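Look below for two forms of one protein chain, each set out as structure tokens: first structure 1, then structure 2.
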Structure 1
């Protein structure tokens, strides 16, 4: 698993695709197996106090990488279902977390403050195909207050495929910060995504909005593993292309898989990653 030179990567996509995507299948099987001889603890996620704080029972936050809330004047007020994840040539470039529940909106915005996050990437619709994916954690208009964080909507731009919301937030404790949410909104009534270019532009633009010397980028979908992982791998790999002109999708995914369970949750997503990077390379 050395990196693949960028000039041969589309060639390599051809081979993975061939014979009914046999190659993609071997690769993703390898990914799902690369936890085999690996026990990773998530005791906090499984604790009775913390259970109502998880959206899905089997989607947990690994202890070692979990984001810790500063505790409040109770022994578990430090928990949120969220993990730090690496970007390219950087550690904890991301926080990958579940879409926040009613009962965890306070924790969610607290984490945002404590971690000094300045960019949100939302990769779900609140509802999709009739099933609830995420409860709305920001104000429809003007201000809303969550715990000691007051969130104010300042600005919105709605594009074909995603929406950009510029919030201003303040800690009641005077000190204020700009936080921008990139929301990918375009979701099929049936099936799943199928052209990667719109996602590639969403990623390029959201990744570019990151400010130097800020905290990690928050990335969530519903469960916070599938599309969250897809974003992360595609972003990291454009970075790597830009810097070294090489690609290592398989190596990097194996790695961040130790940092949060089930990142990139399906083969179709694993294929989509390649399609995005293909668009980015042919596009140049």
Structure 2
């Protein structure tokens, strides 16, 4: 259960103490927290869906997976699949869709999901290629328009900040009519480990979070696998909201809960520590 901000701040000092022993214990607990739950991901594992997964070991649990409307005709059965899950936010079920960086073979699925779920904000926390590893394919028009199945995406504006870029698109469903989608793209996450300074990430979280408008669909959050940095964002954003609303915090409880909705959310102990670093800076700022 939640603890007051004052207690949380001291708890961080305790977690760091003794060569970070407490952070290691908490993280192991997270890693083991769904071990006995027998959570299935049959759809992710289906041979027909194999090419739709960026990473063989990164699944979308069946009970929380985002489903695409099936397409009529041949191979309709597995046309409902995307590697993506609903994930809760602070006091809001299904506040996010956590998903992998789309593949060229999944661009149509990705934009169809955006249309069908009424998503208005995309949070992207990766570069396309990082230290020679392809992490995500470019699913948006560099300029003008690109067509992804029945969704035509038009670039309207690009605003460049030191640590992130904001791209506004107009999208049109050729079978419907037009909607605004804003992509908050974080461009300075290091190729290895976590950012040295939490401040630019906090700023990115605050601004991208503030852009969520009432009565819209879940905010789409993705990185490469859609678990490590994606989980990190989700925990930070949710805990900031909790602190604002209640002056309490529940990082470990909240993270254990969302592990039930998508595998490996907050993938590394370094990310788990970074969450605390970021929340401490927010509290002190």
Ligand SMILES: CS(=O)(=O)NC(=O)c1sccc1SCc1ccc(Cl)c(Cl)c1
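Shifts are known only where both forms have a C-alpha. Just so we're on the same page, rigid core means the largest C-alpha set that superposes within 1.5 Å between forms. Positions refer to the first chain, counted from 1.
Between the two copies of this chain, it is structure 2 that is the form solved without this ligand. Large C-alpha shift between structures 1 and 2, rigid core held fixed: of 209, 192, 161, 126, this applies to 192 alone, with a displacement of 2 Å or more. On core superposition, residue 117 has its C-alpha offset by 0.1 angstrom between structures 1 and 2. After superposition on the rigid core, the Cα atom of residue 20 is displaced by 1.2 Å between structures 1 and 2. Legend: core-fitted overlay between structures 1 and 2; highlighted is 187-192, the single run of at least 3 consecutive residues with CA shifts of 2 angstroms or more.
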